[PDB]
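Only one chain comes next, encoded as structure tokens, the form deposited in one PDB entry.
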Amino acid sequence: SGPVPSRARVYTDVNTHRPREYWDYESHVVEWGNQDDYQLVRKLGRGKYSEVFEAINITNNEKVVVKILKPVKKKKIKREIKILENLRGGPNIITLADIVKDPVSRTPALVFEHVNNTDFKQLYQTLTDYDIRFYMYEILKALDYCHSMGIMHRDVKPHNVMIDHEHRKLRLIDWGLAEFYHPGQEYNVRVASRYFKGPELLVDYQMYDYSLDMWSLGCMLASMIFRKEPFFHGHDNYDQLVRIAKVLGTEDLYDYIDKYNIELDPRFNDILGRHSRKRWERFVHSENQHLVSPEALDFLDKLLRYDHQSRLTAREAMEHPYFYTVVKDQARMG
């Protein structure tokens, strides 16, 4: 028994049909900006390989964000930078504004546009139905774009989407788990926040593709419209799968594993239990129903599918009726 291989059903050969230089972020030598253009104002936080600061560009007094990076692999730094430069100018993609190295210690930093994003509280109490379609659409543009440019984000979640609500401004950020898609390649399933990990990662199927981001996006949509964050709340990776099977049900779980000849850690077998597929309706209540509509559920239903080959692509999703009034507004004359 070997597992059945898989390929992206869209954008499969984007990197195949581009010069090596496009995807070979190791060959890339780096051209460095000037670290003395930037003053740190305040630490915004520490992640696994970095700390992020709010800063000011001193030559022009603009706020920027500076992500200072570990002695990490030089590979990780170069990957993020290459992906960042390849995608710059793309819609709702965060602009890498500059790259700087401390010339003595040689420790790298990335300098990003600043986004004055609304507190992930306060949005919660004010987003309307129209707001969600709109922002879901803007996310889809970024995700179609990067997918078309051969890149999986691999860390789609609400904290990696910056929204400046007073400006109706959205940016997809943290490109540090992001990677080039090459068909047939096996990837690390250690990616994405737990709550946004697709089933393919939870069953340790390594040949996955852009569809992963559409799962994570689905989880986001669910949490926005049901106002439950996160929507699937497992307490570890094992328990994450179970949270999924509890809603989508075990029958399609096992048909999925069956189809790819996947075979599970036997422990999973005892804790998975047996679960009916639930109706989306079950999660709709008085407090969330103004954000719910049948097109919203039909839309969500087509994101949250066990089978990665079955999920809506980014561009199909932008085609869905759910976005009718959004696209209608965005025939923009300018």
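Whichever C-alpha set is largest while still superposing within 1.5 Å between the two forms counts as the rigid core. Numbers for residues come from their place in the sequence shown, where the first is 1.
Missing here is the form solved in complex with a partner chain; even so, the following discussion is about that form.
Partner contact region in the deposited bound form: 100-108, out of 100-108, 165-173, 129-137, 251-259, criterion any non-hydrogen atom within 4.5 Å of its partner chain. Across the proposed site, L84, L87 and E113 without exception lack any heavy atom within 4.5 Å of its partner chain in the deposited bound form. Among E295, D301, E26, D36, the residue placing a heavy atom within 4.5 Å of its partner chain in the deposited bound form is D36. Shown without its partner, this chain lists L291, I56, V284, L272 as candidates; in the deposited bound form, only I56 has a non-hydrogen atom within 4.5 angstroms of its partner chain. Its partner chain is not shown here, but in the deposited bound form it comes within 4.5 Å of a heavy atom of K70. Following superposition on the rigid core between the shown form and the other one, the residue from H285, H290, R46, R279 with a C-alpha displacement of 2 angstroms or more is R46, and no other. Once the cores line up, the CA of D119 ends up 2 angstroms or more apart between the shown form and the other one. In the core-superposed comparison between the shown form and the other one, the C-alpha atom of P91 has shifted by less than 2 angstroms.
Relative to this conformation, a decrease of 3 Å or more in the Cα-Cα distance between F120 and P158 is found in the deposited bound form. The gap between the Cα atoms of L221 and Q125 is smaller in the deposited bound form, by no less than 3 Å, than in this form.
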